[PDB]
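Participant: based on what follows, work out the 3D shape:
(9 chains, ligands or ions: 60)
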Amino acid sequence: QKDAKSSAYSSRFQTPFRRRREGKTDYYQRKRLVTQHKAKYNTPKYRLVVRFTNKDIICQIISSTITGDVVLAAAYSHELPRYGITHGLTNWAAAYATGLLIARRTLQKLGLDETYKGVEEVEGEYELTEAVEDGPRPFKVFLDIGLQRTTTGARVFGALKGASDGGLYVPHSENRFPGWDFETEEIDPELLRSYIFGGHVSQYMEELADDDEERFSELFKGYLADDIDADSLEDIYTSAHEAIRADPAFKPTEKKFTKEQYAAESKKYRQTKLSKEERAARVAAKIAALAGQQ
Amino acid sequence: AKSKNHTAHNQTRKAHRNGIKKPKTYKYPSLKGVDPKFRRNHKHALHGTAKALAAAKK
Amino acid sequence: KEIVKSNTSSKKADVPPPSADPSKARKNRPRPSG
Amino acid sequence: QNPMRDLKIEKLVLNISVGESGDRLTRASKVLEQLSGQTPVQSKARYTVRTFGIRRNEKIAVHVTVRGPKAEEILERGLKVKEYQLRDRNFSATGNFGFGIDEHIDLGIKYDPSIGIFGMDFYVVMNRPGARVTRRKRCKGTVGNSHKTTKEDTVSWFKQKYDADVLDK
Amino acid sequence: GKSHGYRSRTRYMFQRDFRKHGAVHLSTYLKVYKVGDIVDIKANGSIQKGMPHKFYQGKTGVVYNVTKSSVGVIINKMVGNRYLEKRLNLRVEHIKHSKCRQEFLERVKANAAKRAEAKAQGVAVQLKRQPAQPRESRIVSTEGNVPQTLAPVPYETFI
Amino acid sequence: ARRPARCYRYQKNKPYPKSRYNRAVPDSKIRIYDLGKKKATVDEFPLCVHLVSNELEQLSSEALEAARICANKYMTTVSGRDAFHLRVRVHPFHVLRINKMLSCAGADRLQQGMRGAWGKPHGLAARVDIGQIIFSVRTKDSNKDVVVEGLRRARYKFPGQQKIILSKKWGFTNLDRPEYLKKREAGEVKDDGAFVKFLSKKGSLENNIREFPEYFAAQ
RNA sequence: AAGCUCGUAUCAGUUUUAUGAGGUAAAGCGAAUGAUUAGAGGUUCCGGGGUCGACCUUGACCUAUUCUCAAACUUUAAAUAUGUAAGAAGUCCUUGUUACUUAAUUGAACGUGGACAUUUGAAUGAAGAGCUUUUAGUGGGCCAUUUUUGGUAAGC
RNA sequence: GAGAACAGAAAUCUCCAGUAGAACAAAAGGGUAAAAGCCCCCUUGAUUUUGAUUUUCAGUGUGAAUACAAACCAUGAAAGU
RNA sequence: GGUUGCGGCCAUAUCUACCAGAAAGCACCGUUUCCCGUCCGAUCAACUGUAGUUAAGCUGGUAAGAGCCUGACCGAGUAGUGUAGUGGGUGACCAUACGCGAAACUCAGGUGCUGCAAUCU
Ligand SMILES: NC[C@@H]1O[C@H](O[C@H]2[C@@H](O)[C@H](O[C@@H]3[C@@H](O)[C@H](N)C[C@H](N)[C@H]3O[C@H]3O[C@H](CO)[C@@H](O)[C@H](O)[C@H]3N)O[C@@H]2CO)[C@H](N)[C@@H](O)[C@@H]1O
Ligand SMILES: NC[C@@H]1O[C@H](O[C@H]2[C@@H](O)[C@H](O[C@@H]3[C@@H](O)[C@H](N)C[C@H](N)[C@H]3O[C@H]3O[C@H](CO)[C@@H](O)[C@H](O)[C@H]3N)O[C@@H]2CO)[C@H](N)[C@@H](O)[C@@H]1O
Ligand SMILES: NC[C@@H]1O[C@H](O[C@H]2[C@@H](O)[C@H](O[C@@H]3[C@@H](O)[C@H](N)C[C@H](N)[C@H]3O[C@H]3O[C@H](CO)[C@@H](O)[C@H](O)[C@H]3N)O[C@@H]2CO)[C@H](N)[C@@H](O)[C@@H]1O
Ligand SMILES: NC[C@@H]1O[C@H](O[C@H]2[C@@H](O)[C@H](O[C@@H]3[C@@H](O)[C@H](N)C[C@H](N)[C@H]3O[C@H]3O[C@H](CO)[C@@H](O)[C@H](O)[C@H]3N)O[C@@H]2CO)[C@H](N)[C@@H](O)[C@@H]1O
Ligand SMILES: NC[C@@H]1O[C@H](O[C@H]2[C@@H](O)[C@H](O[C@@H]3[C@@H](O)[C@H](N)C[C@H](N)[C@H]3O[C@H]3O[C@H](CO)[C@@H](O)[C@H](O)[C@H]3N)O[C@@H]2CO)[C@H](N)[C@@H](O)[C@@H]1O
Ligand SMILES: NC[C@@H]1O[C@H](O[C@H]2[C@@H](O)[C@H](O[C@@H]3[C@@H](O)[C@H](N)C[C@H](N)[C@H]3O[C@H]3O[C@H](CO)[C@@H](O)[C@H](O)[C@H]3N)O[C@@H]2CO)[C@H](N)[C@@H](O)[C@@H]1O
Ligand SMILES: NC[C@@H]1O[C@H](O[C@H]2[C@@H](O)[C@H](O[C@@H]3[C@@H](O)[C@H](N)C[C@H](N)[C@H]3O[C@H]3O[C@H](CO)[C@@H](O)[C@H](O)[C@H]3N)O[C@@H]2CO)[C@H](N)[C@@H](O)[C@@H]1O
Ligand SMILES: [Mg+2]
Ligand SMILES: [Mg+2]
Ligand SMILES: [Mg+2]
Ligand SMILES: [Mg+2]
Ligand SMILES: [Mg+2]
Ligand SMILES: [Mg+2]
Ligand SMILES: [Mg+2]
Ligand SMILES: [Mg+2]
Ligand SMILES: [Mg+2]
Ligand SMILES: [Mg+2]
Ligand SMILES: [Mg+2]
Ligand SMILES: [Mg+2]
Ligand SMILES: [Mg+2]
Ligand SMILES: [Mg+2]
Ligand SMILES: [Mg+2]
Ligand SMILES: [Mg+2]
Ligand SMILES: [Mg+2]
Ligand SMILES: [Mg+2]
Ligand SMILES: [Mg+2]
Ligand SMILES: [Mg+2]
Ligand SMILES: [Mg+2]
Ligand SMILES: [Mg+2]
Ligand SMILES: [Mg+2]
Ligand SMILES: [Mg+2]
Ligand SMILES: [Mg+2]
Ligand SMILES: [Mg+2]
Ligand SMILES: [Mg+2]
Ligand SMILES: [Mg+2]
Ligand SMILES: [Mg+2]
Ligand SMILES: [Mg+2]
Ligand SMILES: [Mg+2]
Ligand SMILES: [Mg+2]
Ligand SMILES: [Mg+2]
Ligand SMILES: [Mg+2]
Ligand SMILES: [Mg+2]
Ligand SMILES: [Mg+2]
Ligand SMILES: [Mg+2]
Ligand SMILES: [Mg+2]
Ligand SMILES: [Mg+2]
Ligand SMILES: [Mg+2]
Ligand SMILES: [Mg+2]
Ligand SMILES: [Mg+2]
Ligand SMILES: [Mg+2]
Ligand SMILES: [Mg+2]
Ligand SMILES: [Mg+2]
Ligand SMILES: [Mg+2]
Ligand SMILES: [Mg+2]
Ligand SMILES: [Mg+2]
Ligand SMILES: [Mg+2]
Ligand SMILES: [Mg+2]
Ligand SMILES: [Mg+2]
Ligand SMILES: [Mg+2]
Ligand SMILES: [Mg+2]
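Facilitator: Numbering: from 1, shown residues only, chains lettered A, B, ... in the order given. Ligands and ions are numbered 1, 2, ... in the order given. Here you go:
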């Protein structure tokens, strides 16, 4: 730019933590989650990591280790088709889905699945998973927003209300869900229970069916050729509920070929580094070209 | 009138006659300044592990 | 509706910044003659 | 060669710099709502200048930001006013550009003498796809060397379409 | 007037290192301290709360308490002729984990494993350390290295 | 006034420069550190002579001044006005203090005194290490006799011992004259203002090419 | 001064090894800051005037160089001095207590029962180690080498 | 730095650059960049109780400070503070 | 091996330029009813994955590149410094003895390593 930086600048510049430069981590907040009580010693702290890619929803149960962070067990939106949703991968009801998947998935890993049931048939009303009298206590997990901007009725808090509703202790307040009115100041479980099962996406299809066919042609084009209807949506997620709680156990992809086999090909497209004899020979040649005062 | 102000002269000397001692430590140090609800619960952990030997010996 | 947009400046001085003064001015400009 | 990098208009801010408080400011604020239909935002005074009769923190100017469809025609409205001829300045070296015209009557906008008379500033910023790379929250990046709208590149865009002209040199 | 307040003279001392500033990383918060731990004390300027007085900078002591954000450390300072017992309540950003004792454990443990070698064989133990020694007789080969003989250099000015 | 140079001759105090915490100090009686022909090309003035301190002490600007003036006025008027480049190699940054008991009429005081002794700035001097060069002169090799005496004539304004040293080096640079000329055939010397720039091997290959063409005539 | 409890328990104006901490000396300024001599290159086509019905000076900035500096500058950084450890109050195995703590027989302390001595876990020294009570005088100090402030300096 | 009616050195608007070269009452030094800065939202932990610890130190007082306990509150989705 | 979610150390990871990028992922991007946030669906929100795309973000390579990391009887046993003498010198200073010992310089090499999870010719 002819803003070119003086060596004095680039010599004294202090480079941030790498995961700041690439902007994947707010460490100010990470300190305020990871760090545990010192009279609680080595008993780790667990965060619920909720990350939305464009095409996927990531939900991970994570504790921290100085070698690197640990994840108990993880789920995805892209797992949900196995539980019966081909379309609508990233949306609130799919966040409740993935959130309730990892709720009954991880909590099963602990042997805590049977005891500490959940909220069962879902009124969408505000409650948390309380404690069993003379028994274990809920496995405590904390919400990790990541870089995500907090708003009332945000895609992340579905995974919150999904996972909280699946037996996990993930404390919160209702007010950032849909149905908290910023005057009323209490919650309406309808607007939530609607959203929980997809009661927005479906309602748009109806209204959109009226206004524009050509808009409905593409936007929902996946629902058309798959034989899916408007209020069928309510039972797509209500079914996957039973399906999730049925088989929370994690089966991975069988991933055709293998580890070694991938690598043999999967990057032949990276360049090799030179040696010093290579770079020095080029330099001496790059002189010969540019030489002769040209 | 004016006179001396300060010095450390000869003080190392005086403090090495009888001096410099040592922390004089014991086993089972005092608990001064330890978390109260540790030293509270710690009482009953010992109050209870007493009866355990008020039974075993018979 | 009066909506004001806030300044990101940390400067709380009422002093005009020393980019401005009788100097740095110019004897030129289209002073209207008509 | 040039699949995704074509162009667009990022935003156009019409700015009306009053220089005084009260009516002339508050009236010029109605002008910009009758202009874009968007409700505008006034600016406080940076610092006191007793020559211009304004204490600091005195509400002075006003403007509004418009994008997409509504801007391009209000931009097209202005290009009719200066008659599709612009100078070698008016185009920033960062690729963006802008001009100004008096009276605001010249593009639509009937009189309404119960408003009064105002001119304005037309400045408009050019961008490309992948612009939110810089403007987002997560993983904020920086537009590469290619892309990165240049001065002669948004000129060859503004001369080709709009069939306009460079001037003054 | 003389000025003796708490942090006086600490200017360079409490400075963060050249090109190390801002937030403190997570290894500091992720460390566990129980009683008896031997810790080195070095203050951190970024954290003002619960930091040592400038005296204890560089001193090493045994933690006598573990609280929410801090550990009490008992340290021995001399006043007059004696050492009194100081105990500081310091946060974890100002606490290191002392490598002084750490090797002694790796010494004892290696000593017990070399004891089993005198149990399974019966050779002499040689457990306790011995300082460096006079070395020994040797023979230096003139083969391929023949002493090259030097003299002193004269005086000449280099500027 | 100017109490004699015998009072300030030795470096008795930590350097006390003109600064923010010390202001209102006089100006160095020597403002001119470079004179003669200061634009002369490097290759023009091969031979160099130094005036080197043999002592660890303080040189006052006023003394530096008269030394400078002395050297020049002889050097020029004998050999030539442009026959040399004289550089004063030391800058008087140390600020001397006086107490100044003398105040105003009619009487001195009793008995205070030493009380409030700290001084106001008096003069400037340049604190000098053993073997530190004071003056440097570069000229043509044929001027030696005239240059060697020029500095020799200026020592008498300098407190302490100082030697006149024949510099084995080219001009005001490094590189003893053969090791200079060695890099002159390779054209590694680009004349700068009254100095040279040297061609590195350390930089970007583009500008290294443009900068020193005849070095790769080729390589 | 009086002793008292004990008999090599524990030490130590010292080193060795392991492990900390520090920002002085030195050093650095074509590294930040602040100061500081000299030319050379490049835009203002000028901040301002001229030469002419746009070319030269003046400055202002900019680029790579050049001479010299800092108790209250500094990337770097000693020597000397300095905190800690070198065991039986050790290193481990097991599993009882609690109202603290945990998703939890998770922990945390504190115990029960059990594994290992022979260089028992650097050198050197120990004229013995620990403890207590009481009470005199003193509370103008000065000198040498070295580091060091004020002062031209002083048997200051 | 490059760009816009009057608008000029100085008004308001834009983009690019920008390791802190700004700001944090004040002395100075330290510390801070998705903040400790600017701005907005909500509050009264500038509260109750009573001990311990650091500096100064005689290891008295006083001033100031640190880490807890026991309550009762604020804030936030929360962990937290 | 690439790729992503959370990372540890926090430039061998930063800057500047220029190229290369299959698979998958990431993005860029389409959408403006609903929760939601703005002067402005730009950022924030929600819907869709459908209409389009590697141009960019991103990952690599290239540079007698900047900076940064590393090494050495490179400079230097130099500067400084601990101990010593009824050593030298009018002094300023300096030598020697028993030890400790730099920074600049220079040559040389290097340009992220890696944890848990998932995923892909
Ligand atoms: N060179 C002589 C120096 O002066 C010393 O003595 C000085 C003074 O003590 C003595 O008295 C002088 C007096 O002679 C002279 N004519 C008048 C002067 N006021 C006096 O001095 C007196 O007054 C001065 C100033 O107020 C003060 O120093 C003090 O009150 C007192 N000494 O005379 C000397 C100066 O005039 C000693 N003679 C000698 O040891 C010293 O080296
Ligand atoms: N020679 C090694 C070096 O010198 C030291 O190592 C050791 C000794 O040289 C050093 O001795 C020092 C002495 O210099 C100086 N007198 C300070 C200190 N009191 C002594 O150290 C010892 O002091 C007494 C016993 O004398 C003990 O109470 C104390 O705990 C101990 N550290 O004690 C160190 C530990 O025993 C430094 N730790 C370090 O520079 C380095 O290790
Ligand atoms: N750090 C490793 C060591 O670096 C040493 O080298 C040191 C110097 O040679 C090197 O100096 C380089 C210089 O070589 C190069 N040609 C220019 C560069 N600006 C300098 O850099 C250095 O000095 C500047 C100030 O001049 C500082 O701003 C900078 O932080 C510093 N790294 O800085 C190094 C220290 O950072 C030795 N090569 C060797 O002992 C070892 O490799
Ligand atoms: N001599 C040229 C003129 O003098 C001054 O500038 C001179 C210097 O101040 C400046 O020197 C360098 C500069 O080259 C470089 N690119 C940046 C650097 N910070 C400057 O540093 C300067 O100032 C700092 C304190 O801030 C000093 O420590 C340093 O010794 C001094 N050279 O470059 C000039 C030549 O050395 C005026 N600022 C300006 O009018 C003009 O450059
Ligand atoms: N370095 C080893 C030391 O062993 C010591 O151990 C010593 C004592 O603890 C132990 O004493 C025991 C005692 O515990 C127990 N309650 C009573 C029993 N009679 C004592 O026994 C001892 O003393 C008696 C009486 O004089 C002697 O007859 C007998 O020989 C001796 N073993 O006897 C040991 C001496 O022989 C300490 N644990 C400690 O100082 C250190 O670890
Ligand atoms: N809180 C009640 C107490 O619990 C104690 O047990 C708790 C711990 O103390 C006990 O841990 C023991 C520990 O006591 C003992 N001193 C050392 C042993 N390695 C530990 O074992 C621990 O680690 C091993 C793997 O290393 C695990 O398999 C095991 O589950 C775990 N408890 O395991 C329990 C939970 O961690 C004892 N049963 C007893 O002192 C008492 O009942
Ligand atoms: N101004 C007169 C005097 O100057 C002296 O200055 C001396 C100091 O500045 C410096 O002396 C240093 C000393 O500071 C440091 N602590 C120890 C070091 N060995 C000495 O070194 C000096 O003296 C020794 C003596 O044999 C010489 O061998 C050595 O070459 C010389 N540099 O060098 C000077 C002596 O050579 C003293 N400051 C003091 O006696 C008095 O002020
Ligand atoms: Mg946050
Ligand atoms: Mg239980
Ligand atoms: Mg609340
Ligand atoms: Mg509440
Ligand atoms: Mg008196
Ligand atoms: Mg006296
Ligand atoms: Mg007295
Ligand atoms: Mg006094
Ligand atoms: Mg006694
Ligand atoms: Mg003071
Ligand atoms: Mg430091
Ligand atoms: Mg350091
Ligand atoms: Mg505070
Ligand atoms: Mg004198
Ligand atoms: Mg003095
Ligand atoms: Mg001066
Ligand atoms: Mg005074
Ligand atoms: Mg020196
Ligand atoms: Mg002389
Ligand atoms: Mg060390
Ligand atoms: Mg310093
Ligand atoms: Mg200091
Ligand atoms: Mg110095
Ligand atoms: Mg240096
Ligand atoms: Mg600075
Ligand atoms: Mg500053
Ligand atoms: Mg010039
Ligand atoms: Mg180094
Ligand atoms: Mg038990
Ligand atoms: Mg003995
Ligand atoms: Mg007495
Ligand atoms: Mg008395
Ligand atoms: Mg008396
Ligand atoms: Mg005396
Ligand atoms: Mg006397
Ligand atoms: Mg005498
Ligand atoms: Mg800048
Ligand atoms: Mg700066
Ligand atoms: Mg504040
Ligand atoms: Mg300040
Ligand atoms: Mg600062
Ligand atoms: Mg930073
Ligand atoms: Mg809480
Ligand atoms: Mg969009
Ligand atoms: Mg979005
Ligand atoms: Mg590409
Ligand atoms: Mg390089
Ligand atoms: Mg390496
Ligand atoms: Mg002598
Ligand atoms: Mg020596
Ligand atoms: Mg030593
Ligand atoms: Mg060494
Ligand atoms: Mg890199």
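
Participant: and the contacts of stretch F:20-39?
Facilitator: Residues from elsewhere that reach stretch F:20-39 (Cβ atoms under 8 Å, 6 or more residues apart in numbering or on different chains): F:16, F:18, F:61-62, F:64-65, F:68, F:72, F:75-76, F:81-88, F:91-92, F:95, F:120-124, F:137, F:193-194. Any C-beta I mention is one placed from the backbone N, CA and C, and that applies to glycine too.

Participant: kindly apply the preceding question to stretch F:147-157 instead.
Facilitator: By Cβ under 8 Å, 6+ apart, the list of residues contacting stretch F:147-157 from outside reads F:47, F:49-51, F:63, F:66-68, F:70-71, F:74-75, F:78-79, F:84, F:86, F:135, F:137, F:139, F:162, F:164, F:166.

Participant: in strands, which of these fall?
Facilitator: Counting by DSSP state E, these place F:47, F:49-51, F:84, F:86, F:135, F:137, F:139, F:162, F:164, F:166 in strands.

Participant: what about residue E:44, neighbour count?
Facilitator: For residue E:44, the number of neighbouring residues by other Cβ atoms under 10 Å in any protein chain shown comes to 17.

Participant: what sits closest to it if chain neighbours are left out?
Facilitator: Distances taken as Cβ to Cβ, 6 or more residues apart in numbering or on different chains put residue E:93 closest to residue E:44, at 4.5 Å, once the chain neighbours are dropped.

Participant: that's a strand at the one you found, yeah?
Facilitator: No: with DSSP: H, G, I helix; E, B strand; the rest coil as the criterion, residue E:93 is helix rather than part of a strand.

Participant: measure the residue in chain F positioned nearest to RNA strand G to residue F:39 for me?
Facilitator: Here chain F gets closest to RNA strand G at one residue, residue F:193, 2.3 Å apart by Cβ to the nearest atom of the strand. Using Cβ to Cβ, to the nearest Å, residue F:193 is found at 7 Å from residue F:39.

Participant: if we can go back for a sec, tell me the contacts of the residue nearest to residue E:44?
Facilitator: Counting by Cβ under 8 Å, 6+ apart, residue E:93 touches E:24, E:28, E:44, E:46-47, E:51.

Participant: filter these down to just the ones in helices.
Facilitator: residue E:28 (DSSP state H).

Participant: show the contacting residues for residue C:32.
Facilitator: Shown in contact with residue C:32 (Cβ under 8 Å, 6+ apart): no residues.

Participant: do you know how far it is from residue F:144?
Facilitator: 73 Å.

Participant: how about residue D:95?
Facilitator: Distance of residue D:95 to residue F:144, given as Cβ to Cβ: 65 Å.

Participant: of the two, who's got more company?
Facilitator: Set residue D:95 next to residue F:144 and count neighbours by other Cβ under 10 Å: residue D:95 wins out with 20 against 13.

Participant: surely that one meets residue D:156?
Facilitator: No: the pair residue D:95 / residue D:156 is not scored as a contact, 11.1 Å apart, by Cβ atoms under 8 Å.

Participant: grab the longest helix from chain B for me.
Facilitator: Counting residues, the longest helix found in chain B (DSSP H) is helix B:36-56.

Participant: tell me which parts of chain D are close to RNA strand I?
Facilitator: Applying Cβ under 7 Å from any atom of the strand, we find that chain D lies next to RNA strand I at D:2-5, D:11, D:13, D:38-41, D:63-68, D:128-133, D:135-139, D:141-147.

Participant: which of those come close to RNA strand H?
Facilitator: Okay, of these touching RNA strand H (Cβ under 7 Å from any atom of the strand), that's D:13, D:63, D:65, D:137-138, D:142.

Participant: of these - the most surrounded one?
Facilitator: Within these, residue D:63 tops the neighbour count with 20 neighbours, counted by other Cβ under 10 Å.

Participant: doesn't it lie inside a strand?
Facilitator: Yes: under three-state DSSP, residue D:63 falls within a strand.

Participant: who's it bridged to?
Facilitator: residue D:15, residue D:41 (DSSP bridges).

Participant: excluding its backbone neighbours, what's nearest the closest residue to RNA strand H within chain E?
Facilitator: Nearest residue of chain E to RNA strand H (Cβ to the nearest atom of the strand) works out as residue E:22 at 2.7 Å. Closest residue to residue E:22 apart from its sequence neighbours, by Cβ to Cβ, 6+ apart: residue E:46 at 7.0 Å.

Participant: report the contact partners of the residue positioned nearest the centre of chain F.
Facilitator: Nearest to the geometric centre of chain F sits residue F:89, at 1.6 Å (Cα atoms, centre = their mean). With contact set as Cβ under 8 Å, 6+ apart, residue F:89 has these partners: F:50, F:132-136.

Participant: hmm, try it at 7 Å
Facilitator: By Cβ atoms under 7 Å, 6 or more residues apart in numbering or on different chains, the residues touching residue F:89 are F:133-136.

Participant: show the backbone phi and psi for residue D:58.
Facilitator: Dihedral pair for residue D:58: phi -100, psi 120, per degrees, to the nearest 10.

Participant: where's the residue nearest to it when sequence neighbours are not counted relative to ligand 26, distance?
Facilitator: Distances taken as Cβ to Cβ, 6+ apart place residue D:45 nearest to residue D:58, at 4.4 Å, with adjacent residues excluded. For residue D:45, the distance to ligand 26 equals 68 Å [Cβ to the ion, to the nearest Å].

Participant: hmm, residue D:54 and residue D:45 touching each other?
Facilitator: Yes: counting by Cβ atoms under 7 Å, residue D:45 touches residue D:54, with 4.9 Å between them.

Participant: common neighbours of the two, please.
Facilitator: Here residue D:45 and residue D:54 share the contacting residues residue D:60, scored by Cβ under 7 Å, 6+ apart.

Participant: still on that earlier bit, tell me the phi and psi of the residue nearest to the centre of chain F?
Facilitator: Residue torsions, per degrees, to the nearest 10, at residue F:89 are phi -90, psi 10.

Participant: in stretch A:201-213, what counts as buried?
Facilitator: For stretch A:201-213, the neighbour count (16 or more other Cβ atoms under 10 Å in any protein chain shown) marks A:201-202, A:205 as buried.

Participant: format those residues as TSV; extra columns: secondary structure and distance to ligand 26.
Facilitator: Below are the buried residues of stretch A:201-213 laid out as TSV (DSSP: H, G, I helix; E, B strand; the rest coil; distance: Cβ to the ion, whole Å):
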residue	secondary structure	distance to ligand 26
A:201	helix	98
A:202	helix	103
A:205	helix	103
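
Participant: out of those residues, who's nearest chain F?
Facilitator: residue A:201 (57.5 Å; Cβ to the nearest Cβ).

Participant: for the closest one, which residues are in contact?
Facilitator: By Cβ under 7 Å, 6+ apart, the contact list for residue A:201 reads A:88, A:91, A:233.

Participant: from the residues you listed, which is closest to residue C:16?
Facilitator: residue A:91 (53.5 Å; Cβ to Cβ).
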